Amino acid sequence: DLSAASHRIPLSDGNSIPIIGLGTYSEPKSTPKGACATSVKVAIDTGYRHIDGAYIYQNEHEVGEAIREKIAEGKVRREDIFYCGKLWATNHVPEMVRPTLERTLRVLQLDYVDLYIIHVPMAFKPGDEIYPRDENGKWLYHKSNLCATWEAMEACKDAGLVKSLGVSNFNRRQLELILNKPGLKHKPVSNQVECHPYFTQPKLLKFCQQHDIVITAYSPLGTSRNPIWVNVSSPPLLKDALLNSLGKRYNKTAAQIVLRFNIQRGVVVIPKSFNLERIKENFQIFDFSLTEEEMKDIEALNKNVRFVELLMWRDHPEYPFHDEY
């Protein structure tokens, strides 16, 4: 049911999401200006119709540049492209939600985004700093009020500024807070969380499926393994014996096997590459399918261990990763 030309899956609000997208986080210091724009253009040329971004990635203007250029030349219509943006922790104050989205729209120079999600359930102190800490290094936590933040998100959809609403890094409890909200108008259609063969999110996926919430797998290739923020204790995902062995069987790379695995089970994948060859490689996942025994074997690689633990925030009242799921 999935092809290179047609691979959108339904969202609960009547919209749909391309099952693969291009991730666009890249370390600002070691990334050349323009690398993002070029990559988004190459991805669109390749067949990608979903781009995942965020204002705090510092390159949203490049994403917009690329999308607008492809629209202007007639490669795609605006309706053909799915862009997901994110509301950061320092912008959870309800009154800040719409102005924050409007900033992203102005940066993209677009009229709406397709998906706008709460980036993390944790709120930080509002201000000109993305990661607010005092001189002692104490993370300055703001008293999160997720339902009130969600209400402001809902107003953005009502205004037509965003087609679909979702969340990211939310656990079952936090999803329930929203789903059980008094006078809920728009349920979350998507939860973006780390997902791949070493962390297949069995319980969270089951829960989301029961509530018609689609999981988007961030870091679907196991991350860039930057130790400065990534847990590099586990061996590199793409070096796995089974994944590489299966790769040989299908003449595909471990990366391609890993992406096929998640999309085959209805999980959206947003691998990031700013490399011409790898952008194309990651998209070539519609010309084969894994056997049910292969899916089981891959799903059995499940470590129930995370590459992205964000331990520095483990004591925040809204830290998502203390609960089971």
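For every residue, the number given is its place in the sequence shown, counted from 1.
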Taking only the CA atoms, which stretch has the higher mean B-factor in the record, 255-263 or 51-59?
255-263
Please compare 265-273 with 25-33 and name the stretch with the higher mean C-alpha B-factor in the deposited structure.
25-33
For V107, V162, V97, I228, the deposited C-alpha B-factor is largest at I228
Per the PDB entry, which option out of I285, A66, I279, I298 has the greatest Cα B factor?
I298
If you rank every modelled residue in this chain by C-alpha B factor, which third holds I20: lowest, middle or highest?
lowest
Cα B factor band for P182 (lowest, middle or highest third within the chain):
highest
Chain-relative C-alpha B factor for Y250 (record values, thirds): the middle
Using the B-factor values recorded in the entry, state whether the Cα atom of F199 falls in the lowest, middle or highest third among the modelled residues of its chain.
highest
Thinking about Cα B factors across the chain, which third does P132 belong to?
highest
